[PDB]
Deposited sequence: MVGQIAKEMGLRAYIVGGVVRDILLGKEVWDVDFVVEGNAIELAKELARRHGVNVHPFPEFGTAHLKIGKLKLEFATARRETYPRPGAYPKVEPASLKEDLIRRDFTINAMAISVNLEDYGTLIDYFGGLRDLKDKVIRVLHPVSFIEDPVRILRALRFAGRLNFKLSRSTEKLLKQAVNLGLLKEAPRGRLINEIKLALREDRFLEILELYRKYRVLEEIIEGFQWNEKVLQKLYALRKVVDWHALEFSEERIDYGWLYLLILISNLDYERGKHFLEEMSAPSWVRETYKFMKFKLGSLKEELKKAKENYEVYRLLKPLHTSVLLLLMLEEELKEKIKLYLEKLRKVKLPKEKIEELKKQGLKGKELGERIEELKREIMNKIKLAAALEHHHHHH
């Protein structure tokens, strides 16, 4: 694979970063990151050569990206931004991300841990490499929590102190906006994203990001309830799955004004249906809940929930009194079908009579 060419080219290549951590944690990963002492670009192009695949070079970044099957390989030259592996490693964020495993033939299968990344790994501890790490790259403030959210890891004393410092220093607000938005977009893709929100509330990061944002108990409660509803729905219908991460985000921004909220969602590069759910949540949701509680017949609820998005209904299952109604619509009302002969007798305006018969049968 690599070590052959690394030996033939006299270079030294290493599997580096999150991939190594995932391997140690027994995680399946098809995305592989390499750091090389040598010329990594030529090594990558020669790998792509021998394998006969296509290689995208990046002279500016001094890196190369090549894909074999659905497996993606990124090769990078060791750099301090020559530079030894250690110097390339210490510039990264955390200890568990700071390790490497050699693919070179002599040392193959050797985990190289300078900073005790394995020590901090087994202790479930997120730890920065250097004391200025948060000031250096503010994104890490969020990142740590995310990892701490994902793996259920605790922040070390030093790390927590530095993090709280950098947060109180407000460096988060003066951080590059794009990278922050990216980190947030990556955070919501987590299944542990709710716990990440717990850490967010704990260290108050969102208050330093979004305009006029604060925390109250009702939002948190509706977030737990949201987790319940999401778990139940994901349990019942496996083919109806959507992205639930945005729903929590819509819960958080619920109390905020429409203008800045819309601007924020457009700033997040959010999907259509999400922002549509937001606009529908602001204005039309109140009268929706009103007329929903005012519905005597099941068919009326069917008519009301028919044009609605599924996410809107899932969001509507948060109400206790509306639970059985939503569950009824999902598991019964919308599954109703008809025979042939009846349609033929109706044909001797069509959809009207169809909805009429729907009204007839769905009330049983």
Next on the checklist: Which parts of the deposited sequence lack C-alpha coordinates in this model? Number from residue 1, please.
Outcome noted: 82-93, 361-366, 383-396
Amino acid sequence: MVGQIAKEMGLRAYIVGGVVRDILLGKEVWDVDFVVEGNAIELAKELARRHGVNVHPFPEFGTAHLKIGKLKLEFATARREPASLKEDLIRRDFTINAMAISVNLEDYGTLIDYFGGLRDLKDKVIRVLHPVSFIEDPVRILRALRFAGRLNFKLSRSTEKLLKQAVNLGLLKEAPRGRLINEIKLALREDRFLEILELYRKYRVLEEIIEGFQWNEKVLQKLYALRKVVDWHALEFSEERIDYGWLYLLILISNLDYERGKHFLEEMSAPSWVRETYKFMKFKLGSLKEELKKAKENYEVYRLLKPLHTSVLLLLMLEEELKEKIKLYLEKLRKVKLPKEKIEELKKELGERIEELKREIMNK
From here on, numbers count along this sequence of modelled residues.
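We call the rigid core the largest set of C-alpha positions that still match within 1.5 Å between the two forms.
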Next on the checklist: Do the Cα atoms of 161-169 or of 258-266 sit farther, on average, from the shown structure in 6 other deposited structures of this protein when the rigid core is superposed?
Outcome noted: 258-266
Next on the checklist: Aligning on the core, I want to see which stretch wanders more in 6 other deposited structures of this protein. Is it 147-155 or 282-290 by C-alpha RMS?
Outcome noted: 282-290
Checklist entry - Do the C-alpha atoms of 9-17 or of 339-347 have the higher average B factor in the entry? => result 339-347
Item to check | Greater mean Cα temperature factor according to the PDB record, 260-268 or 202-210 | outcome: 260-268
Checklist entry - Going by the entry, which of 332, 45, 27, 65 has the most elevated CA B factor? => result 332
Checklist outcome for this item: Per the deposited B-factor column, the C-alpha that peaks among 288, 129, 71, 99 belongs to 288
Item to check | Third assignment of residue 304 from its chain's C-alpha B-factors | outcome: highest
Checklist outcome for this item: residue 313: CA B-factor among chain residues, third -> middle
Checklist entry - Where does residue 140 sit by CA temperature factor within its chain: lowest, middle or highest third? => result lowest
Checklist entry - Is the Cα B-factor recorded for residue 165 in the lowest, middle or highest third of its chain? => result lowest
Item to check | residue 215 - which third its CA temperature factor falls in, relative to the rest of the chain | outcome: middle
